[PDB]
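Take a look at the structure below.
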Amino acid sequence: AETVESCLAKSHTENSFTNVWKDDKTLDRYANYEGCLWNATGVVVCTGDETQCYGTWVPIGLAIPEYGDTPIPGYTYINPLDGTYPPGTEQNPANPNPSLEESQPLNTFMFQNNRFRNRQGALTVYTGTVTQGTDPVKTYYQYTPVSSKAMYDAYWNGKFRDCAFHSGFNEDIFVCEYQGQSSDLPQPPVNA
């Protein structure tokens, strides 16, 4: 059995984990292994379906409730809230306060399982929900301004022409053809 302390004391694991989850608020990557919860750090490379990621996994606490054995192709993960292009600054003038939407906006696009909104070049990313009010309680969909230079670079270089410019009353879950810089992950995942 494990405790928060036994887990925190484990050494990092540089390998691939499967059943990888993405925290909806921070967009960080997590996985369970050996009864502990781990966070992917360092250069993180994931499969297209985003279910497996290779990285320097750090145990941060207790766990929260077929594969080959050869390296497979993946894409280098970009956390769109990494702070390299911080909003509310001269560098990135975008208002830093997240946009609260009463209904999911139309024409969002998927890039590495992250849901983005493009408003004339200003990129915002879905970061879950928040509520305002108690009578009545009203849930809002939070769209946080993108703070990653890597994400904006891909956008500026035209990498999202096929997915970031849709218009109209669309029900499509647009998925971008470009999924990140190509790399590979070792196999099999250790927490299979």
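Here the Cβ positions follow ideal geometry from the backbone for every residue, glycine too, while neighbour counts run over all protein chains shown. Only the coordinates and a few stated rules stand behind these numbers; no lab work does.
Quick notes
- Apart from one condition, residue 19 fits all of (1) touching a strand residue (DSSP E or B) at 6+ places or on another chain (Cβ under 9 Å); (2) of a type outside the set (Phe, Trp, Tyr); (3) at negative phi; the exception is (3).
- Checking the stated criteria, residue 106 turns out not to satisfy the condition of being in a strand (DSSP E or B) and surrounded by fewer than 18 Cβ atoms within 10 Å (Cβ to Cβ).
- Here residue 83 fulfils each of the conditions (1) within 19 Å of the chain's Cα centre (by Cα); (2) surrounded by 11 or more Cβ atoms within 10 Å (Cβ to Cβ); (3) of a type outside the set (A, V, I, L, M, F, W, C) apart from (2).
- Taken together, the residues in the stretch 134-181 that are assigned to a strand (DSSP E or B) and within 17 Å of the chain's Cα centre (by Cα) amount to 7.
- Wholly within the stretch 23-99, strands (runs of 3 or more DSSP E) carrying at least 1 residues that are over 21 Å from residue 12 (Cβ atoms) and not aromatic (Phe, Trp, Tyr): 72-76
- Candidate set from the stretch 1-22 (those that are among the hydroxyl-bearing types (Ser, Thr, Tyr) and part of a strand (DSSP E or B)); member that is surrounded by the most Cβ atoms within 10 Å (Cβ to Cβ): 16
- Yes/no for residue 144 being closer than 30 Å to residue 35 by Cβ and either among the β-branched types (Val, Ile, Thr) or exposed (fewer than 13 other Cβ atoms within 10 Å of the Cβ) (or both): no
- Search result, residues across the stretch 42-73 that are closer than 12 Å to residue 189 by Cβ, of a type outside the set (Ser, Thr, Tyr) and surrounded by 15 or more Cβ atoms within 10 Å (Cβ to Cβ): 46, 52, 53, 55, 57, 72
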